[PDB]
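**Q** I'd like to ask you about the structure that follows.
Counting neighbours? That spans all protein chains shown, and the Cβs are built from the backbone with ideal geometry, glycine included. None of the figures in this text is laboratory data; all of them are computed from the coordinates on show.
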Amino acid sequence: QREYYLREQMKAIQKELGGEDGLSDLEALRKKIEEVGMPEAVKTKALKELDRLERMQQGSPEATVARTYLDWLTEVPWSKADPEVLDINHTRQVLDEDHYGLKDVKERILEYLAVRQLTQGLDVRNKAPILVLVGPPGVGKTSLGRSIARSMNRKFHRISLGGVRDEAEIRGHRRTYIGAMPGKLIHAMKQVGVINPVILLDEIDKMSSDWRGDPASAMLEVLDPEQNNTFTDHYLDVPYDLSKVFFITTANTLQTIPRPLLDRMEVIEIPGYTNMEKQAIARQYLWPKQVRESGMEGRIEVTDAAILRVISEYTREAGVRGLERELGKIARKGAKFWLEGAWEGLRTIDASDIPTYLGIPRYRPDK
Amino acid sequence: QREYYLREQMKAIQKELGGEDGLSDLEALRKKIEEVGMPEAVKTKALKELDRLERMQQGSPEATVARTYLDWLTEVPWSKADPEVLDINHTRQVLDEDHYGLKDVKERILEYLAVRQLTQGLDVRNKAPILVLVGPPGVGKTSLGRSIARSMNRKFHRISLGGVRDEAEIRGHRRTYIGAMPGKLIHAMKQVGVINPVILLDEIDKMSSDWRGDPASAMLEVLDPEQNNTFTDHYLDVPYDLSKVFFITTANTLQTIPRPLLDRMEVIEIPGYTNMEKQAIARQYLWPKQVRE
Amino acid sequence: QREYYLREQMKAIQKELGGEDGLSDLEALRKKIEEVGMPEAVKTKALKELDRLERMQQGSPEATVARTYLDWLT
Ligand SMILES: Nc1ncnc2c1ncn2[C@@H]1O[C@H](COP(=O)(O)OP(=O)(O)OP(O)(O)=S)[C@@H](O)[C@H]1O
Ligand SMILES: Nc1ncnc2c1ncn2[C@@H]1O[C@H](COP(=O)(O)OP(=O)(O)OP(O)(O)=S)[C@@H](O)[C@H]1O
């Protein structure tokens with residue numbers, strides 16, 4: 001009765017002090033606290049904190065730090081996941097809808113997805129592969145992340161490490177500063193609603209160092225499967241649990257990745273396509289896209305011999321960006337010729353009609 | 001006590017005079033957020049930041065950061081465009097009165113406009129081209145930029161690369177840092193009022209790259225032909241759409257461009273003029289200008 | 001001056017509800033510094049925080065550094 005009557009007096013004085021807020025402030029933040037999570041030390045630290053913002057209303061810069069720290073602390077997911085997959089026959093069907101070929105990456109995903117069923121007595125969910133995909137520029141390394149996320153029914157988020165020179169892009173700044181915010185990883189874990197997404201780190205061989213810091217030293221702490229159980233940035237004081245996260249990183253060469261990161265990654269090399277692989281990719285992915293995006297759908301059509309003519313005589317490369325630029329050129333000039341004088345039915349571009357659209361061939365074929 | 005008395009007089013008769021007060025700033029910002037654009041995640045972000053701002057101390061070392069951030073969010077463009085499909089003969093007549101010859105670039109622009117006429121009213125993806133123009137040092141590579149922009153009635157902006165070694169020119173800073181502000185691309189999209197300008201990136205093959213300082217790797221995100229739906233600099237913490245903007249870049253050799261950056265761009269050779277072309281250019285463009293001046 | 005009076009009376013009530021919460025920030029130190037071990041200079045430098053008392057419920061920017069200092073020291 002004594003603690004309750006004193007808390008009644010607190011409620012009364014705050015009632016004349018509050019204006020529906022200062023009053024509905026906690027039932028905001030404690031439905032936020034008691035609904036999600038949480039680990040016990042983090043909850044006790046947050047509750048030994050939450051009392052101590054009796055400081056606004058003639059103030060404060062003290063309350064606008066603490067309440068936003070509690071806002072960041074109650075919207076990052078604590079132990080809330082998505083259901084695991086039950087067919088490895090459905091994952092294969094979804095992976096074959098988006099890309100042609102690429103048997104090594106697809107089989108490696110199916111292997112590490114079939115290991116995760118058979119293990120009860122758990123050593124495996126602590127170790128998802130830190131996977132790195134290495135290859136020449138036109139091959140589908142970046143567009144393969146979203147398909148892997150869709151086939152396992154998991155959430156996706158891409159982080160681009162292109163020219164990052166700054167620590168506190170990985171970690172944060174401590175909340176004693178003015179505009180302190182957490183890093184990219186806590187922000188990505190907030191955007192994704194769950195604790196087990198797929199995260200793509202786009203060019204990891206391209207990070208820059210600096211005199212003040214080096215983000216590779218911070219990226220070691222994230223991709224280490226002995227430290228990311230207790231990952232801690234500078235904004236959130238509490239340790240945070242990664243390693244439910246499935247990381248995929250992509251790269252052009254291995255020679256400029258730092259040495260403490262190469263030894264903790266499994267490397268899959270992607271070599272570049274042959275001409276039959278490029279002809280299949282062209283026919284069932286690249287030509288319908290370029291026909292749709294130019295308006296000429298149902299009015300023009302290319303044959304297989306013409307696709308071989310384009311591949312052999314107008315491009316040489318490992319990937320497929322130049323091939324889709326040539327096919328888009330055929331679509332643009334088809335639109336131009338239609339808009340001059342229309343025809344009916346569909347015009348069929350045969351292999352002796354390619355220099356009408358593309359010009360003089362660039363490479364002479366071997367014979 | 002006297003300076004406290006001054007404090008309370010000034011706060012009273014200033015910010016509670018009634019008429020000449022800050023009715024307009026926060027509430028006009030409130031109504032401005034829900035008019036221009038914007039995507040729903042960005043709008044939720046902006047409204048939560050505004051509600052965070054409306055409880056801060058009068059001052060302030062932290063309210064300036066939030067108000068500057070909301071100003072940058074509200075005056076960058078979201079879904080506003082000067083119009084597409086035009087008359088094609090009128091644009092070829094405008095293109096022919098600024099430059100002699102150069103048939104490949106003119107045909108690329110005209111068949112872009114043909115595609116814009118045929119896809120009018122459909123529900124298909126619209127992606128703007130990304131070109132590089134390669135040639136010897138005197139040919140009209142830079143001069144085609146505002147001519148192509150004036151032909152299609154679009155806004156023009158010119159970023160000069162070359163010598164640039166700082167990565168904080170492409171993206172920005174975190175805005176925890178004190179005088180932070182976004183990169184050149186968001187600033188260029190702010191100067192232009194629309195979401196589809198023509199932006200000239202001039203001498204792209206002269207960016208200076210080493211093991212500390214590499215802005216040519218940050219350009220891989222801005223010129224990616226299907227991942228610049230979501231371009232994130234470090235100042236704005238939202239993904240920004242750079243897929244409608246017509247990029248034209250200029251170079252005079254292809255050897256000092258990195259290979260992943262070269263592979264994202266469509267290359268147009270501009271070879272160098274003959275003697276008959278030089279005589280026509282001198283009769284129609286160079287000698288009347290040098291006579292007038 | 002009304003709300004100043006109200007903040008100060010509620011802060012009075014708040015530190016009189018801080019018994020064994022804000023009070024008893026010492027007794028882990030009596031548990032672990034009078035054990036086997038610590039020399040007398042460590043007794044001097046370790047009991048440095050008992051009569052620096054009335055500053056953790058008052059503010060502070062340096063309030064919770066006491067549990068940090070003790071949990072790292074003893
Ligand atoms: N097997 C494939 N089937 C279908 N499309 C493919 C295939 N391989 C590549 N592509 C397409 O190729 C395009 C370019 O692929 P990207 O992954 O974006 O290139 P990249 O792998 O990121 O390499 P970088 O970033 O230049 S080092 C995308 O539009 C993919 O859809
Ligand atoms: N075909 C042309 N017709 C008319 N004027 C031209 C033509 N080619 C070049 N010029 C003029 O030549 C001048 C120089 O052109 P610029 O575009 O500045 O050359 P540039 O290619 O930009 O040089 P750099 O070294 O590569 S930046 C301008 O005044 C142009 O108007």
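**Q** In the set B:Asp210, B:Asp241, which member is within 25 Å of the chain's Cα centre (by Cα), away from ligand 2 (no atom under 16 Å from the Cβ) and under 24 Å from A:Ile159 (Cα atoms)?
**A** Just one listed residue meets the conditions, B:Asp241.
**Q** Moving to a separate point now. Among the residues of the range B:223-237, is there at least one that is away from ligand 2 (no atom under 16 Å from the Cβ) and in contact with a strand residue (DSSP E or B) (Cβ under 6 Å, 6 or more places away or on another chain)?
**A** Taking the range B:223-237 first, the residues away from ligand 2 (no atom under 16 Å from the Cβ) are B:223-237.
From what is left, the residues that are in contact with a strand residue (DSSP E or B) (Cβ under 6 Å, 6 or more places away or on another chain) are B:223, B:231.
Checked the range B:223-237: at least one residue is away from ligand 2 (no atom under 16 Å from the Cβ) and in contact with a strand residue (DSSP E or B) (Cβ under 6 Å, 6 or more places away or on another chain).
**Q** Continuing with this model, one more query. Return the total of residues in the range B:98-121 being aromatic (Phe, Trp, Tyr) and facing chain A (nearest Cβ under 9 Å).
**A** Of the residues in the range B:98-121, 1 are aromatic (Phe, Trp, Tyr) and facing chain A (nearest Cβ under 9 Å).
For (1) more than 30 Å from A:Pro288 (Cβ to Cβ); (2) surrounded by fewer than 18 Cβ atoms within 10 Å (Cβ to Cβ), each residue gets a yes or a no:
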position: A:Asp82; (1), (2): yes, yes
position: A:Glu97; (1), (2): no, yes
position: A:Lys106; (1), (2): no, no
position: A:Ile109; (1), (2): no, no
position: A:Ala114; (1), (2): yes, yes
position: A:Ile130; (1), (2): yes, no
position: A:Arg150; (1), (2): no, yes
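**Q** Considering only residues that are in a loop (DSSP other than H, G, I, E, B), crowded, with 19+ Cβ neighbours inside 10 Å and within 14 Å of another protein chain (Cβ to nearest Cβ), which ones fall in the range A:193-206?
**A** A:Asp202, A:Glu203
**Q** Let me ask something else. Quick one: which helices (runs of 4 or more DSSP H) sit completely within the range B:212-293 and have at least 1 residues that are more than 16 Å from ligand 1 (Cβ to nearest atom)?
**A** B:275-281, B:287-292
**Q** Next question, about the same structure. Condition first: under 30 Å from B:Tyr4 (Cβ atoms), of a type outside the set (A, V, I, L, M) and touching a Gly at 6+ places or on another chain (Cβ under 6 Å). Can you find one or more residues in the range C:11-34 that meet it?
**A** The answer is no, given that none of the residues of the range C:11-34 is under 30 Å from B:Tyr4 (Cβ atoms), of a type outside the set (A, V, I, L, M) and touching a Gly at 6+ places or on another chain (Cβ under 6 Å).
**Q** Is one or more of the residues making up the range B:249-256 more than 12 Å from ligand 2 (Cβ to nearest atom) and in contact with a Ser or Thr (Cβ under 8 Å, 6 or more places away or on another chain)? Reasoning before the result, please.
**A** Filtering the range B:249-256 down to residues more than 12 Å from ligand 2 (Cβ to nearest atom) leaves B:254-256.
Now restrict to residues that are in contact with a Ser or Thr (Cβ under 8 Å, 6 or more places away or on another chain): none.
There is no residue in the range B:249-256 that is more than 12 Å from ligand 2 (Cβ to nearest atom) and in contact with a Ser or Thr (Cβ under 8 Å, 6 or more places away or on another chain).
**Q** Applying the selection to the range A:335-367, what residues are part of a loop (DSSP other than H, G, I, E, B) and within 19 Å of A:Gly298 (Cβ to Cβ)? Please lay out each step first, then the result.
**A** As a first pass, look at the range A:335-367 and keep what is part of a loop (DSSP other than H, G, I, E, B): A:341-346, A:350-353, A:359-367.
A:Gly341, A:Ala342, A:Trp343, A:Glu344, A:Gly345, A:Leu346, A:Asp350, A:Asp353, listed by residue number.
**Q** What are the residues in the range B:14-26 that are out of contact with any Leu (no Cβ under 9 Å at 6 or more places or on another chain) and under 15 Å from B:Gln58 (Cβ atoms), if any?
**A** If the condition is that a residue be out of contact with any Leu (no Cβ under 9 Å at 6 or more places or on another chain) and under 15 Å from B:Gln58 (Cβ atoms), then B:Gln14, B:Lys15, B:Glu16, B:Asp21, B:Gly22, B:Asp25 are the ones that fit.
**Q** Same structure again: A:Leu26 is checked against (1) exposed (fewer than 14 other Cβ atoms within 10 Å of the Cβ); (2) within 27 Å of C:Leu23 (Cβ to Cβ); (3) not basic (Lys, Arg) and fails just one. What number does that condition carry?
**A** (1)
**Q** Here is a further query. Check whether at least one residue in the range A:328-336 is away from ligand 2 (no atom under 16 Å from the Cβ), away from chain B (no Cβ under 12 Å), under 25 Å from B:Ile268 (Cα atoms) and touching a residue at least 40 places away in the same chain (Cβ under 8 Å), and report yes or no.
**A** no
**Q** So, in the range B:103-145, how many residues would count as being among the small types (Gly, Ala, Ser) and in a loop (DSSP other than H, G, I, E, B)?
**A** Qualifying residue count, the range B:103-145: 5.
**Q** Would a scan of the range B:104-120 turn up a residue that is acidic (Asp, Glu) and in contact (Cβ under 8 Å) with a residue 60 or more places away in the chain?
**A** Checking the range B:104-120: at least one residue is acidic (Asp, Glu) and in contact (Cβ under 8 Å) with a residue 60 or more places away in the chain.
**Q** Given the conditions (1) over 28 Å from the mean Cα position of the chain (by Cα); (2) of a type in the set (A, V, I, L, M); (3) within 30 Å of A:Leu339 (Cα to Cα), which single one is not true for B:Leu23?
**A** Answer for B:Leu23: the failing condition is (3).
**Q** I would also like to ask the following. Just one of A:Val76, A:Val132 is within 18 Å of A:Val198 (Cα to Cα) and more than 16 Å from ligand 1 (Cβ to nearest atom); which is it? Give the steps one after another, and end with the answer.
**A** Details: A:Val132 fails: more than 16 Å from ligand 1 (Cβ to nearest atom).
After applying the criteria, what remains is A:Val76.
**Q** On the given criteria, is A:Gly322 out of contact with any strand residue (DSSP E or B) (no Cβ under 6 Å at 6 or more places or on another chain), more than 23 Å from A:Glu107 (Cβ to Cβ), touching a residue at least 60 places away in the same chain (Cβ under 8 Å) and not in a loop (DSSP other than H, G, I, E, B)? Let's see the steps before the verdict.
**A** Working: out of contact with any strand residue (DSSP E or B) (no Cβ under 6 Å at 6 or more places or on another chain): yes; more than 23 Å from A:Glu107 (Cβ to Cβ): yes; touching a residue at least 60 places away in the same chain (Cβ under 8 Å): yes; not in a loop (DSSP other than H, G, I, E, B): yes.
In short, yes.
**Q** Search the range A:276-325 for residues being of a type in the set (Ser, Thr, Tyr) and crowded, with 18+ Cβ neighbours inside 10 Å, and hand back the single one that is nearest to A:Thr348 (Cα to Cα). So that I can check it myself, show each step before the final result.
**A** Restricting attention to the range A:276-325, the residues satisfying the condition of being of a type in the set (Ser, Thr, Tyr) are A:285, A:294, A:303, A:312, A:314-315.
Now drop any that are not crowded, with 18+ Cβ neighbours inside 10 Å, which leaves A:294, A:314-315.
Numbers: A:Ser294: 17, A:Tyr314: 19, A:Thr315: 22 Å.
Going through the qualifying residues, I end up with A:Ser294.
**Q** Within the range B:122-160, count every residue that is among the basic types (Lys, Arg), within 16 Å of ligand 2 (Cβ to nearest atom) and either within 14 Å of another protein chain (Cβ to nearest Cβ) or in contact with a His (Cβ under 9 Å, 6 or more places away or on another chain) (or both). Break it down stepwise before answering.
**A** Going through the range B:122-160, the residues among the basic types (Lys, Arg) turn out to be B:125, B:127, B:141, B:146, B:150, B:154-155, B:158.
With the extra rule that they be within 16 Å of ligand 2 (Cβ to nearest atom), the set shrinks to B:141, B:146, B:150, B:158.
Now drop any that are not either within 14 Å of another protein chain (Cβ to nearest Cβ) or in contact with a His (Cβ under 9 Å, 6 or more places away or on another chain) (or both), which leaves none.
Matching residues across the range B:122-160 total 0.
**Q** Related question: Can you find, within the range A:207-246, the residue that is surrounded by the most Cβ atoms within 10 Å (Cβ to Cβ) among those that are charged (D, E, K, R) and either within 14 Å of another protein chain (Cβ to nearest Cβ) or at positive phi (or both)?
**A** Across the range A:207-246, the extreme among qualifying residues is A:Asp233.
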